[PDB]
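In what follows, a single structure is set out as structure tokens and then discussed.
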Protein chains: 4
Amino acid sequence: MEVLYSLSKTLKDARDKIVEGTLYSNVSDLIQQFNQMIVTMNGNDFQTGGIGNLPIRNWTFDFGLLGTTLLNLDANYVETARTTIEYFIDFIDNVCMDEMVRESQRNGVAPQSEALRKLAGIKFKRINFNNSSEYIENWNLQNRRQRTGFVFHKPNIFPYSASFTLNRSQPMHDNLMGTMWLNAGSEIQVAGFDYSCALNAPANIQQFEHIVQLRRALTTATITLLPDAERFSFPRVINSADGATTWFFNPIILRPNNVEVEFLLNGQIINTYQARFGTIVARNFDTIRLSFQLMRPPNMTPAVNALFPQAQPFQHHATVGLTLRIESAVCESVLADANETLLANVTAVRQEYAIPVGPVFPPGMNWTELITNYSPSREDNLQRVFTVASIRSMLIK
Amino acid sequence: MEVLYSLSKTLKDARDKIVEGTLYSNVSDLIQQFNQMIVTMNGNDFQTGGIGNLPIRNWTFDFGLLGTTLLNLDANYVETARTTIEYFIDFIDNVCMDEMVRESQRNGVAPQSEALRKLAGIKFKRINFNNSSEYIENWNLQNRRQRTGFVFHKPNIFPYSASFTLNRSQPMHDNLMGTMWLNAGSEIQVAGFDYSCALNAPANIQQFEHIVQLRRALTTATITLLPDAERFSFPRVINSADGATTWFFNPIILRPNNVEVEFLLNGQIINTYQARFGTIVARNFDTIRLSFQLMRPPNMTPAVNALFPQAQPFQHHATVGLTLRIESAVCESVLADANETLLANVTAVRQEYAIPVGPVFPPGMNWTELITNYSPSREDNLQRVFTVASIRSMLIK
Amino acid sequence: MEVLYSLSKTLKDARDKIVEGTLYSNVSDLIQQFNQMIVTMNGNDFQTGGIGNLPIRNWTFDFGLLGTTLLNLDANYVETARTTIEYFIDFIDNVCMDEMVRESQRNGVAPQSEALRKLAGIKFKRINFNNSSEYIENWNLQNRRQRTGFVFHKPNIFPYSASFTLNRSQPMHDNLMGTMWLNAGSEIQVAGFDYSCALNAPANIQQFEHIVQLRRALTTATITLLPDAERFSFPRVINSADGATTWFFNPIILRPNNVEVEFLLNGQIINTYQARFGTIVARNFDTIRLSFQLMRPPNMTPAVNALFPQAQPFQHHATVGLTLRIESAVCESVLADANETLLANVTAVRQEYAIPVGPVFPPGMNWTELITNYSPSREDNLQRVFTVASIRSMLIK
Amino acid sequence: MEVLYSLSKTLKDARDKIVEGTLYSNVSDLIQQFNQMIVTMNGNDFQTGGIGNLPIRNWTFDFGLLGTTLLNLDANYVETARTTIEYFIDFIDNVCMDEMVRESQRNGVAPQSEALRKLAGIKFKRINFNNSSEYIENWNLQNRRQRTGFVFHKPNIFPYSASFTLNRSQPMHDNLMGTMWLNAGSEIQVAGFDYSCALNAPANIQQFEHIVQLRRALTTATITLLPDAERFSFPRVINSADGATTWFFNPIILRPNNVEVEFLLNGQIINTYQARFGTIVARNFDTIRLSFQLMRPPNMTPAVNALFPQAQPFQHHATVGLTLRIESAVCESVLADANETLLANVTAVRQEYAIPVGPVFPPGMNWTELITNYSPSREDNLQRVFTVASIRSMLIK
């Protein structure tokens with residue numbers, strides 16, 4: 001796979017640097033690398049594809065070495081180089097597409113795609129050019145056990161889940177208390193609601209707590225934290241716990257008082273933030289514990305007093321919400337992002353050719369289902385296909 | 001254009017690599033490139049500016065070469081290189097601004113700005129260093145017809161439009177039905193509202209459809225689809241279609257049921273997702289068809305039963321929402337972004353010097369018009385100007 | 001594929017110049033070219049077919065060269081020649097069919113068909129003869145991007161569309177204003193109609209508009225504009241707008257007064273012809289904006305007076321008409337035309353061998369839906385297959 | 001003119017035959033032609049434009065010659081040739097646009113546009129390559145006065161004219177008899193009509209005759225003649241000849257019995273065809289006499305009898321029609337077609353730059369007024385501008 005990255009990198013650098021009129025000093029080393037690749041690939045045959053609709057293509061390599069007698073590149077040199085490079089780029093695209101569709105429950109990190117296995121053999125090692133990109137760098141760092149890491153803008157760490165838990169309810173659904181939440185991508189919204197606005201509760205303060213259990217621990221995560229969860233602050237009618245009926249929800253947004261956001265690693269408090277909204281930072285964490293409160297306002301003007309009676313009807317339902325966005329972070333494992341398109345490329349490749357559902361990845365590579373159960377073999381296969389997709393996206397956009 | 005990018009690249013590399021104390025091994029190739037640039041541009045006169053308020057500046061080049069017998073660079077070397085580099089940097093900045101401010105109805109891709117047009121000659125072909133940047137690489141891959149691509153974060157593809165259609169209405173505006181939608185940049189938010197909560201609809205389901213056609217195909221796009229469109233989930237007062245009288249809106253957010261999202265290319269259905277929210281992928285799509293349904297809930301708690309009567313008033317109006325953010329994508333033609341600053345650079349350079357409204361681009365380069373009408377001439381000019389803006393932004397920030 | 005065109009050209013020339021009794025000075029150059037072709041192709045085994053019902057074929061070349069020490073050609077020379085040319089024509093025909101059947105969504109300009117993708121290699125650049133034909137020269141220009149153009153006799157730029165709009169209507173469909181149109185191939189036929197003969201219209205003048213939006217802008221188009229669109233100028237019964245009922249239409253034609261035709265190019269009024277008929281010229285345009293008027297006759301013979309009453313019955317329905325035939329045009333991209341058989345050739349090759357549906361083209365190469373949605377990928381695939389079809393038609397008819 | 005055509009021809013052949021990898025035997029003669037053109041154009045300062053909105057450009061030539069010993073062309077050779085070819089193509093395009101916009105009452109064939117007049121000298125005679133195209137060959141044959149001929153597909157010889165004559169009439173316009181005709185493009189639709197259905201005519205036969213006089217004699221013209229003119233066979237209301245009143249027209253279509261079409265040159269009856277339809281041939285003619293007859297049905301079923309009464313009112317009016325297309329022809333002078341973009345090119349070139357209205361051509365070059373008055377001087381200027389446009393179409397489309 002290092003060899004595949006090196007082929008992609010030297011093809012990109014050749015299509016970049018080898019231009020009409022550039023000095024030979026600018027591309028002497030690149031020509032050395034290109035000649036190395038050409039000789040090491042010459043007299044060889046590869047077979048790509050044969051899964052799904054992805055067609056069988058046979059590659060045979062026999063090319064001429066780029067010259068060295070030229071003091072300054074001219075149209076002959078450029079044309080010969082590009083006639084070679086088009087062929088090589090199509091080969092690399094096909095190899096990456098072939099590898100992205102294969103899938104192994106056992107030994108995921110090892111290379112599928114017998115063509116790519118032959119590339120991984122012991123006479124193509126001399127094509128290893130440089131492993132500069134983040135994905136290949138982490139690939140090497142993981143193959144020789146070391147501290148990996150990927151910087152993610154807005155990771156999809158959270159499996160999609162919009163739901164609610166009712167700590168107090170009745171079949172009439174007139175007097176409810178609980179927490180609604182939505183975890184999605186990099187966003188958390190929670191809304192603890194009480195229909196009685198903390199009357200029978202002790203001290204007229206109702207406690208609310210929400211736990212979000214990351215499947216992988218993040219690092220140095222810049223996290224925006226704001227009050228007043230938007231999505232749970234307008235009236236709704238929501239199906240019951242089992243769909244039997246539907247209950248009406250009519251929020252009146254109080255302010256969440258003495259909020260406390262804790263970032264936990266294996267149960268140890270790694271960070272805590274007490275009533276400090278706006279940007280904050282989580283050093284290293286795999287669980288988020290948001291503990292907020294609904295305090296009945298002791299002093300109340302006539303309007304809010306009328307909003308909150310003490311009899312049964314409760315025509316307005318008090319609500320306190322929090323919003324929490326992981327703006328950026330650094331994850332040891334590989335995840336989807338908003339900055340990158342690796343998941344898009346992998347799933348598009350799998351959908352182009354109607355690849356049959358393999359063992360480990362869920363159908364259609366549904367990211368929610370993939371991240372809810374993120375077992376080690378699944379993670380290994382995801383890393384392999386993502387790094388291959390990066391190598392492809394180096395050239396095929 | 002390629003020569004202009006090469007000049008910018010070598011100047012950036014001269015500003016970076018050529019610093020005091022550096023080994024000559026680290027700067028040998030760049031010094032040879034710099035010497036050739038000096039030699040080829042010596043004894044040549046350029047004249048930039050001369051439109052709007054951009055001052056007419058004459059450039060004449062008479063600069064000495066750089067040494068080779070050193071082992072480690074010192075102050076003398078750096079000082080002479082600095083004096084030359086500042087002059088070339090200013091010259092390149094002014095050439096880029098001159099090329100950005102200009103348009104052309106016919107032959108957009110070909111250069112304007114007689115300085116750059118002179119640069120395009122055979123005499124300067126020896127400057128081409130390496131066309132590494134994404135914009136210049138796509139410039140070459142399109143200048144000779146090949147498959148290009150620009151990767152975008154939150155590509156503001158949709159022109160701004162907030163509007164609504166009413167499939168049932170009457171001047172008292174008491175019993176309406178229809179859709180509202182806001183398309184803005186990268187986000188669609190569509191809300192289908194029925195004032196009767198689908199009382200008399202077949203099977204008590206009201207169907208809503210929203211077709212949005214992009215002006216360019218987006219390849220391998222990652223999208224975030226969620227329910228409960230925020231902006232149409234609170235009470236409003238909205239104009240009539242004719243603007244005569246205003247009508248009240250008072251949403252209760254039902255969920256959308258059997259929601260389908262169809263990503264279509266050239267009419268054919270490329271992808272379709274069936275009640276599956278969260279992160280999704282679209283291989284290709286010239287248009288998006290969001291279809292959903294407002295189903296009257298069969299089992300109604302007394303509260304919601306009170307909300308939805310069979311009488312005429314309908315004091316509360318049922319709604320079902322959808323929101324859809326193109327978190328990232330890849331496009332064959334340039335667009336503005338939330339990550340890049342190319343549009344900002346171009347518009348700022350136009351506004352600084354008060355360039356009169358030209359043939360093709362709208363006044364002020366307002367992206368809404370510029371993407372609403374995206375003729376091939378406008379596309380070609382936008383690509384040229386954006387490539388020049390990237391070339392400038394290499395050196396100037 | 002310029003090499004493919006060169007093979008086809010040199011085989012056609014060999015068949016059309018190597019004739020018995022002809023001086024060797026007429027075919028010295030072509031014998032040189034043919035020997036170059038033979039030497040280049042010797043030993044190179046090609047493979048063709050393997051899609052749909054197209055048979056798999058293997059092509060092998062070991063051919064001797066033609067004589068050069070002959071003063072004047074004779075029977076034996078021509079017979080050995082034509083033995084070679086028959087085989088070469090067969091190989092070229094198979095390659096062309098294999099390249100027409102195939103199709104590629106991404107990077108559709110590049111060759112499909114492993115035979116042609118091998119011809120694209122470096123060994124075969126010595127076969128390039130010349131690029132004389134319009135299609136091959138436009139192909140070369142676009143590949144090295146320049147302004148190009150195909151000249152078409154009576155293009156079928158318009159997709160078939162016969163329909164109508166009703167500006168005034170009733171459920172009974174007794175008193176209708178509106179427009180009726182048929183766009184088909186090169187002919188627009190638009191007819192406005194008023195059942196009241198502009199009774200209550202302002203000053204007895206009823207305006208009529210018709211926008212038609214060409215998918216690709218045409219250049220230097222010759223147009224024939226006449227009045228009295230014939231197809232909407234006799235009795236009919238037409239389905240309703242939705243399609244429930246039917247309505248009767250009994251046209252008596254008035255003469256269309258102060259007619260105007262505006263040829264626009266992205267909101268750019270390129271040309272305006274007012275009160276002109278017969279041949280006209282639209283130098284460059286993307287939309288045709290037809291306008292005409294129904295003027296009630298100020299004076300009336302009592303026959304006409306009996307036709308047009310003031311009361312409701314309206315037995316006879318006044319109409320105005322316009323026919324607009326695009327005789328010839330120049331289009332930047334390719335289009336089917338009534339002169340050459342490129343589209344017919346491609347569709348014949350597809351149907352003869354039952355090629356399954358591809359990614360980009362519609363089923364059956366249906367021109368109507370191929371031109372309603374004519375995205376760049378579809379356009380370049382169409383250009384590839386059209387150029388290949390021209391290459392084939394040079395030899396096989 | 002011969003020189004300018006040779007410039008265009010050799011540039012086209014240089015853009016075609018000089019391609020990468022083509023043998024030198026394929027392009028030797030063309031290379032010598034190119035060298036001759038370069039040598040005899042070097043050091044000449046041409047000037048172009050200065051009328052209307054044409055920019056006043058100045059061209060100066062000092063270009064290098066092309067190699068001679070290389071046995072097979074290569075990329076850099078093509079690159080230098082293309083750098084020269086771009087400039088020369090631009091020069092020719094500008095010169096042809098300059099020449100197409102000039103006129104002269106006296107000596108319209110001699111060159112205007114002083115650049116072309118300079119090219120007409122004795123220095124530039126060595127350029128003359130070969131006069132092969134139709135227009136240049138006719139230009140030579142018609143300068144050194146010989147018989148020439150342009151082949152035209154659908155020649156628009158006829159000026160647009162839609163009108164009628166009334167051999168019987170009244171102040172009502174209630175019992176008429178006469179003819180109507182549309183002569184447009186290459187189409188003659190002539191429809192005789194009689195409101196009495198030839199009731200009282202001698203033997204119930206009404207003889208209709210129509211003489212169409214061409215502005216120039218056509219040769220070997222294929223003509224499609226069909227009965228029942230489709231353009232006048234439906235209801236109408238037609239403003240009177242005076243414009244005072246209107247008159248209703250309600251056709252019922254008889255076929256024309258014993259139709260006879262005579263094609264006349266200089267009075268004599270060159271061709272005559274009686275009761276024949278379909279394709280017919282006029283070897284040489286200048287006028288078309290169409291003579292048909294409306295014969296009352298001797299036997300008549302009750303419905304058609306009810307249509308045709310002996311009384312006055314005549315609710316339905318009998319008509320007999322003819323349609324005559326000139327599918328193809330050969331003409332001595334130049335004309336527009338549906339197969340050539342020469343008129344389109346000239347009119348477009350004048351419109352793009354707003355040439356001042358000249359002495360000889362009509363305003364805007366509308367073909368109807370250009371052909372209706374077609375004096376020899378106007379014909380000569382038309383031939384000159386058309387051949388220049390033909391020269392320009394060899395490079396620019």
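How things are named: the first chain in the structure tokens is A, the next is B, and so on; residues count from 1 in each chain; ligands count from 1 in the order shown.
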
### Message
Using only C-alpha atoms and a cut-off of 7 Å, which residues of chain D sit close to chain C? Please list them as a ChimeraX atom specification.
### Response
/D:16-17,19-22,25-26,160,172,184-185,231,234-237,244-248,338-339,341,344-345,348,366-367,397

### Query
If we count only C-alpha atoms, what is near residue D:118 at a cut-off of 12 Å, once residues fewer than 5 positions away on the same chain are taken out, given as a PyMOL selection string?
chain D and resi 1+3-4+41+44-48+95+110-113+123-125

Would you list the contacts of stretch 186-202 of chain A as a PDB file with N, CA and C atoms, in the first residue's frame, taking every protein, DNA or RNA residue within 7 Å and counting only C-alpha atoms, but skipping same-chain residues closer than 5 positions in sequence?
```pdb
ATOM      1  N   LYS A 154     -15.061  19.121  12.316  1.00  0.00           N
ATOM      2  CA  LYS A 154     -16.458  18.739  12.444  1.00  0.00           C
ATOM      3  C   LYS A 154     -16.627  17.245  12.200  1.00  0.00           C
ATOM      4  N   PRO A 155     -16.061  16.389  13.043  1.00  0.00           N
ATOM      5  CA  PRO A 155     -16.162  14.949  12.801  1.00  0.00           C
ATOM      6  C   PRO A 155     -17.575  14.439  13.025  1.00  0.00           C
ATOM      7  N   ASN A 156     -17.888  13.334  12.351  1.00  0.00           N
ATOM      8  CA  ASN A 156     -19.150  12.628  12.568  1.00  0.00           C
ATOM      9  C   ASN A 156     -18.970  11.560  13.646  1.00  0.00           C
ATOM     10  N   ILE A 157     -18.510  12.019  14.809  1.00  0.00           N
ATOM     11  CA  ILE A 157     -18.262  11.108  15.918  1.00  0.00           C
ATOM     12  C   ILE A 157     -19.565  10.544  16.460  1.00  0.00           C
ATOM     13  N   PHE A 158     -20.658  11.295  16.361  1.00  0.00           N
ATOM     14  CA  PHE A 158     -21.905  10.913  17.008  1.00  0.00           C
ATOM     15  C   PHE A 158     -22.758  10.085  16.055  1.00  0.00           C
ATOM     16  N   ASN A 175     -48.948  15.537  32.082  1.00  0.00           N
ATOM     17  CA  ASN A 175     -47.878  15.990  32.969  1.00  0.00           C
ATOM     18  C   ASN A 175     -46.662  15.119  32.685  1.00  0.00           C
ATOM     19  N   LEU A 176     -45.699  15.665  31.955  1.00  0.00           N
ATOM     20  CA  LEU A 176     -44.504  14.941  31.562  1.00  0.00           C
ATOM     21  C   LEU A 176     -43.270  15.662  32.074  1.00  0.00           C
ATOM     22  N   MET A 177     -42.183  14.911  32.178  1.00  0.00           N
ATOM     23  CA  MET A 177     -40.895  15.471  32.546  1.00  0.00           C
ATOM     24  C   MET A 177     -39.837  14.525  32.022  1.00  0.00           C
ATOM     25  N   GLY A 178     -38.791  15.076  31.424  1.00  0.00           N
ATOM     26  CA  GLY A 178     -37.771  14.225  30.846  1.00  0.00           C
ATOM     27  C   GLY A 178     -36.797  15.036  30.025  1.00  0.00           C
ATOM     28  N   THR A 179     -36.095  14.346  29.133  1.00  0.00           N
ATOM     29  CA  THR A 179     -35.118  14.991  28.266  1.00  0.00           C
ATOM     30  C   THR A 179     -35.257  14.455  26.856  1.00  0.00           C
ATOM     31  N   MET A 180     -35.376  15.363  25.897  1.00  0.00           N
ATOM     32  CA  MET A 180     -35.222  15.041  24.490  1.00  0.00           C
ATOM     33  C   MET A 180     -33.793  15.340  24.075  1.00  0.00           C
ATOM     34  N   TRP A 181     -33.328  14.652  23.038  1.00  0.00           N
ATOM     35  CA  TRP A 181     -31.997  14.935  22.531  1.00  0.00           C
ATOM     36  C   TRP A 181     -31.898  14.545  21.069  1.00  0.00           C
ATOM     37  N   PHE A 208     -31.285  17.609  35.439  1.00  0.00           N
ATOM     38  CA  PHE A 208     -31.284  16.905  34.169  1.00  0.00           C
ATOM     39  C   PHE A 208     -29.855  16.525  33.832  1.00  0.00           C
ATOM     40  N   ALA A 229     -31.181  24.931  23.146  1.00  0.00           N
ATOM     41  CA  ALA A 229     -31.281  23.992  22.036  1.00  0.00           C
ATOM     42  C   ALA A 229     -32.417  24.382  21.105  1.00  0.00           C
ATOM     43  N   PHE A 232     -35.478  21.786  19.880  1.00  0.00           N
ATOM     44  CA  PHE A 232     -36.451  21.346  20.867  1.00  0.00           C
ATOM     45  C   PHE A 232     -37.001  22.551  21.606  1.00  0.00           C
ATOM     46  N   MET A 295     -34.661  25.637  37.023  1.00  0.00           N
ATOM     47  CA  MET A 295     -35.027  26.307  38.261  1.00  0.00           C
ATOM     48  C   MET A 295     -36.279  27.119  37.996  1.00  0.00           C
ATOM     49  N   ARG A 296     -37.318  26.886  38.784  1.00  0.00           N
ATOM     50  CA  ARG A 296     -38.490  27.732  38.656  1.00  0.00           C
ATOM     51  C   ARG A 296     -38.095  29.158  39.028  1.00  0.00           C
ATOM     52  N   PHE A 308     -47.263  29.687  34.181  1.00  0.00           N
ATOM     53  CA  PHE A 308     -46.970  28.550  35.054  1.00  0.00           C
ATOM     54  C   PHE A 308     -47.972  28.461  36.199  1.00  0.00           C
ATOM     55  N   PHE A 314     -51.554  22.752  32.867  1.00  0.00           N
ATOM     56  CA  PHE A 314     -50.191  22.889  32.350  1.00  0.00           C
ATOM     57  C   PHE A 314     -50.196  23.089  30.832  1.00  0.00           C
ATOM     58  N   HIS A 316     -48.531  25.251  29.163  1.00  0.00           N
ATOM     59  CA  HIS A 316     -47.206  25.599  28.668  1.00  0.00           C
ATOM     60  C   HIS A 316     -46.180  24.785  29.439  1.00  0.00           C
ATOM     61  N   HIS A 317     -45.158  24.280  28.749  1.00  0.00           N
ATOM     62  CA  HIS A 317     -44.266  23.276  29.310  1.00  0.00           C
ATOM     63  C   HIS A 317     -42.851  23.828  29.356  1.00  0.00           C
ATOM     64  N   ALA A 318     -42.304  23.991  30.556  1.00  0.00           N
ATOM     65  CA  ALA A 318     -41.004  24.626  30.675  1.00  0.00           C
ATOM     66  C   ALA A 318     -39.922  23.729  30.092  1.00  0.00           C
ATOM     67  N   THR A 319     -38.902  24.356  29.514  1.00  0.00           N
ATOM     68  CA  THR A 319     -37.850  23.630  28.817  1.00  0.00           C
ATOM     69  C   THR A 319     -36.537  24.377  28.972  1.00  0.00           C
ATOM     70  N   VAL A 320     -35.451  23.641  29.171  1.00  0.00           N
ATOM     71  CA  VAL A 320     -34.107  24.204  29.213  1.00  0.00           C
ATOM     72  C   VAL A 320     -33.207  23.345  28.345  1.00  0.00           C
ATOM     73  N   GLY A 321     -32.429  23.985  27.472  1.00  0.00           N
ATOM     74  CA  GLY A 321     -31.694  23.270  26.456  1.00  0.00           C
ATOM     75  C   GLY A 321     -30.237  23.677  26.391  1.00  0.00           C
ATOM     76  N   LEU A 322     -29.440  22.773  25.829  1.00  0.00           N
ATOM     77  CA  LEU A 322     -28.032  23.007  25.558  1.00  0.00           C
ATOM     78  C   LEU A 322     -27.695  22.526  24.157  1.00  0.00           C
ATOM     79  N   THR A 323     -26.783  23.249  23.512  1.00  0.00           N
ATOM     80  CA  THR A 323     -26.253  22.917  22.200  1.00  0.00           C
ATOM     81  C   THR A 323     -24.741  22.814  22.306  1.00  0.00           C
ATOM     82  N   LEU A 324     -24.163  21.823  21.633  1.00  0.00           N
ATOM     83  CA  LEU A 324     -22.738  21.537  21.779  1.00  0.00           C
ATOM     84  C   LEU A 324     -22.210  21.021  20.450  1.00  0.00           C
ATOM     85  N   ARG A 325     -21.346  21.797  19.803  1.00  0.00           N
ATOM     86  CA  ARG A 325     -20.768  21.434  18.513  1.00  0.00           C
ATOM     87  C   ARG A 325     -19.278  21.184  18.666  1.00  0.00           C
ATOM     88  N   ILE A 326     -18.809  20.028  18.208  1.00  0.00           N
ATOM     89  CA  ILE A 326     -17.371  19.781  18.169  1.00  0.00           C
ATOM     90  C   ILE A 326     -16.812  20.437  16.915  1.00  0.00           C
TER      91      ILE A 326
END
```

### Task
Name the residues of stretch 147-346 of chain D that fall into alpha helix (DSSP H) according to DSSP on the backbone, using the chain letters and numbers of this document, as number ranges by chain.
D: 302-307, 342-346

For those residues, write N, CA, C and O atoms to a file as an mmCIF file, in the first residue's frame.
```cif
data_model
loop_
_atom_site.group_PDB
_atom_site.id
_atom_site.type_symbol
_atom_site.label_atom_id
_atom_site.label_comp_id
_atom_site.auth_asym_id
_atom_site.auth_seq_id
_atom_site.Cartn_x
_atom_site.Cartn_y
_atom_site.Cartn_z
ATOM 1 N N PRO D 302 -75.251 14.294 -52.198
ATOM 2 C CA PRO D 302 -76.062 15.328 -51.536
ATOM 3 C C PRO D 302 -75.304 16.264 -50.608
ATOM 4 O O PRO D 302 -75.634 17.452 -50.563
ATOM 5 N N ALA D 303 -74.305 15.788 -49.864
ATOM 6 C CA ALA D 303 -73.610 16.675 -48.933
ATOM 7 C C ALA D 303 -72.836 17.760 -49.673
ATOM 8 O O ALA D 303 -72.976 18.958 -49.385
ATOM 9 N N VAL D 304 -72.017 17.360 -50.644
ATOM 10 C CA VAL D 304 -71.282 18.341 -51.429
ATOM 11 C C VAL D 304 -72.225 19.211 -52.257
ATOM 12 O O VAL D 304 -71.946 20.397 -52.492
ATOM 13 N N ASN D 305 -73.362 18.667 -52.689
ATOM 14 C CA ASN D 305 -74.340 19.511 -53.362
ATOM 15 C C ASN D 305 -74.874 20.579 -52.425
ATOM 16 O O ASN D 305 -75.030 21.739 -52.818
ATOM 17 N N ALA D 306 -75.170 20.203 -51.181
ATOM 18 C CA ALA D 306 -75.602 21.184 -50.199
ATOM 19 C C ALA D 306 -74.541 22.248 -49.994
ATOM 20 O O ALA D 306 -74.868 23.412 -49.744
ATOM 21 N N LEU D 307 -73.269 21.866 -50.089
ATOM 22 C CA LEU D 307 -72.206 22.865 -50.013
ATOM 23 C C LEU D 307 -72.289 23.850 -51.171
ATOM 24 O O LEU D 307 -72.160 25.062 -50.974
ATOM 25 N N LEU D 342 -23.081 31.660 -45.835
ATOM 26 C CA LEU D 342 -22.344 32.805 -46.359
ATOM 27 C C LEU D 342 -23.114 34.101 -46.158
ATOM 28 O O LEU D 342 -22.556 35.095 -45.680
ATOM 29 N N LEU D 343 -24.393 34.117 -46.532
ATOM 30 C CA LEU D 343 -25.224 35.275 -46.229
ATOM 31 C C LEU D 343 -25.276 35.512 -44.731
ATOM 32 O O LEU D 343 -25.201 36.659 -44.268
ATOM 33 N N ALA D 344 -25.400 34.435 -43.957
ATOM 34 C CA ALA D 344 -25.411 34.567 -42.509
ATOM 35 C C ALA D 344 -24.112 35.173 -42.009
ATOM 36 O O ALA D 344 -24.126 36.068 -41.160
ATOM 37 N N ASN D 345 -22.976 34.719 -42.540
ATOM 38 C CA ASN D 345 -21.692 35.240 -42.090
ATOM 39 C C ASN D 345 -21.550 36.717 -42.422
ATOM 40 O O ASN D 345 -21.114 37.511 -41.583
ATOM 41 N N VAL D 346 -21.902 37.110 -43.645
ATOM 42 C CA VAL D 346 -21.727 38.505 -44.039
ATOM 43 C C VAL D 346 -22.635 39.406 -43.215
ATOM 44 O O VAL D 346 -22.201 40.441 -42.687
#
```

### Atom pair atom CA of residue D:347 / atom CA of residue D:9: separation (Å)
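The value is 23.2 Å.
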
### Message
If you run DSSP on the backbone here, which positions in stretch 65-213 of chain D get strand (DSSP E)? Please write them as a PyMOL selection string.
### Response
chain D and resi 150-153+158-168+177-185+187-194+205-213

### Long-range neighbours of stretch 96-101 of chain A as a list in words, 6 Å cut-off, only C-alpha atoms, 3 positions minimum in chain
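In the requested form, the answer reads residues 49, 93, 113, 350, 385, 388 and 392 of chain A.
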
Output file for the residues above (C-alpha atoms, as a PDB file, in the first residue's frame):
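Dumped everything to out.pdb:
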```
ATOM      1  CA  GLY A  49     -11.537  -6.048 -10.993  1.00  0.00           C
ATOM      2  CA  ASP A  93      -7.513   4.616 -10.439  1.00  0.00           C
ATOM      3  CA  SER A 113      -6.970  -7.080  -4.500  1.00  0.00           C
ATOM      4  CA  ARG A 350     -19.383   0.734  -3.805  1.00  0.00           C
ATOM      5  CA  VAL A 385     -10.446   1.722   2.356  1.00  0.00           C
ATOM      6  CA  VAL A 388      -6.905   3.899  -0.531  1.00  0.00           C
ATOM      7  CA  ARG A 392      -7.193   7.797  -5.382  1.00  0.00           C
TER       8      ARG A 392
END
```

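In this model, the gap between atom CA of residue A:218 and atom CA of residue A:360 comes to 23.7 Å.
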
#### Entry: Residue contacts of residue D:290 (8 Å, only C-alpha atoms) excluding same-chain residues fewer than 3 positions away, as a PyMOL selection string
chain D and resi 209-211+259-262

### Selection near residue A:52, 7 Å with only C-alpha atoms, sequence-local residues under 2 positions removed, as a VMD selection string
chain A and resid 50 54 353 to 356

Residues from the last selection, N, CA, C and O atoms, saved as a short mmCIF file (atom, residue, chain, number, x, y, z; two decimals), in the first residue's frame:
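Output file out02.cif is given in full below:
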```cif
data_model
loop_
_atom_site.label_atom_id
_atom_site.label_comp_id
_atom_site.auth_asym_id
_atom_site.auth_seq_id
_atom_site.Cartn_x
_atom_site.Cartn_y
_atom_site.Cartn_z
N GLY A 50 -13.32 -7.63 -11.00
CA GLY A 50 -13.96 -8.93 -10.99
C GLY A 50 -14.92 -9.12 -9.83
O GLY A 50 -15.19 -10.25 -9.43
N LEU A 54 -17.84 -4.06 -11.60
CA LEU A 54 -16.55 -3.48 -11.92
C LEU A 54 -15.83 -4.39 -12.91
O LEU A 54 -15.58 -5.56 -12.57
N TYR A 353 -21.06 0.10 -8.79
CA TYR A 353 -20.99 -1.24 -9.35
C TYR A 353 -21.88 -2.24 -8.62
O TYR A 353 -21.84 -3.43 -8.94
N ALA A 354 -22.71 -1.78 -7.68
CA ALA A 354 -23.63 -2.64 -6.96
C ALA A 354 -22.89 -3.81 -6.31
O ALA A 354 -23.19 -4.98 -6.52
N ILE A 355 -21.88 -3.45 -5.52
CA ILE A 355 -21.07 -4.47 -4.84
C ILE A 355 -21.95 -5.21 -3.84
O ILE A 355 -22.69 -4.56 -3.08
N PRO A 356 -21.92 -6.55 -3.77
CA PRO A 356 -22.76 -7.23 -2.78
C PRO A 356 -22.32 -6.90 -1.36
O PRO A 356 -21.15 -6.61 -1.11
#
```
